[PDB]
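If you count the sequence shown from 1, position 127 lands on 168 in the deposited numbering, and the numbers rise without skipping. Beta carbons are placed, not taken as given, at the ideal position from N, Cα and C, and that holds for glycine.
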Amino acid sequence: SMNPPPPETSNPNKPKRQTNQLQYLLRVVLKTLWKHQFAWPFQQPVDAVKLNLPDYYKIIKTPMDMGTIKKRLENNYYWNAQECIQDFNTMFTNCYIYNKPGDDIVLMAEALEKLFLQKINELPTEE
Ligand SMILES: CCn1c(CSc2nc(N)n[nH]2)nc2c1c(=O)[nH]c(=O)n2Cc1ccc(Cl)cc1
Numbered sequence: 042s043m044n045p046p047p048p049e050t051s052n053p054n055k056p057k058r059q060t061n062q063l064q065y066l067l068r069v070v071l072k073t074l075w076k077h078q079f080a081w082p083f084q085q086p087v088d089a090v091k092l093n094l095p096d097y098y099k100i101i102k103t104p105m106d107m108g109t110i111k112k113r114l115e116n117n118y119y120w121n122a123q124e125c126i127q128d129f130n131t132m133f134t135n136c137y138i139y140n141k142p143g144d145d146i147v148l149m150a151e152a153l154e155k156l157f158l159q160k161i162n163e164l165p166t167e168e
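Right, dumping it as structure tokens:
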């Protein structure tokens, strides 16, 4: 089983904004998770070929990863913070749905999700 095309990170049709909540999502939320020891499985689209996960994209129909998120943030793909928060939550959900409780990768996602929640609890006020 081949990999699918990755999620888009560029779309000139899509209206864009650069905003203080999006800026926080990049410089605080993404940066915190990206630097973590457990980030590496989440820093790029799942390569089902290299990882020998031939059923991954049969089960996961909304792939998402931090490499995509980082590019969406840096390339101002989003209109609002909720879009980006949803991408992180999609990524965590994918991991929990595909894998088994207690698997290493689920523990890794949990650790990142804890930090995500701690940072989005203090999402700033819109300017
Ligand atoms: C979170 C996505 N993911 C990736 C990362 S897919 C990847 N793509 C590329 N290019 N590098 N890593 N491995 C995964 C998964 C996933 O959901 N489920 C899995 O069982 N694996 C195998 C695995 C990898 C690392 C650890 Cl520590 C434990 C298990």
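Measure the Cβ-Cβ separation of residue i and residue j and say whether it is below 9 Å.
i, j, result
"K160", "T73", "yes"
"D128", "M105", "yes"
"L164", "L66", "yes"
State the CB to CB distance for the pair residue i and residue j, rounded to an integer number of angstroms; the pair is presumed to be in contact (CB under 8 Å).
i, j, result
"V70", "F157", "6 Å"
"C125", "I110", "7 Å"
"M149", "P82", "6 Å"
"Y118", "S51", "7 Å"
Restricting to Cα atoms, I'd like to know which of the options is closest to residue i.
i, options, result
"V90", "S42, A152, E154, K155", "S42"
"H77", "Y97, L63, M107", "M107"
"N121", "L63, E115, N44", "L63"
"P45", "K55, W75, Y98, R68", "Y98"
Using the beta-carbon count (16 or more within 10 Å), is residue i buried or exposed?
i, result
"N135", "buried"
"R58", "exposed"
Which of helix, strand or coil does DSSP assign to residue i?
i, result
"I161", "helix"
"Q59", "coil"
"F129", "helix"
"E49", "coil"
"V147", "helix"
"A152", "helix"
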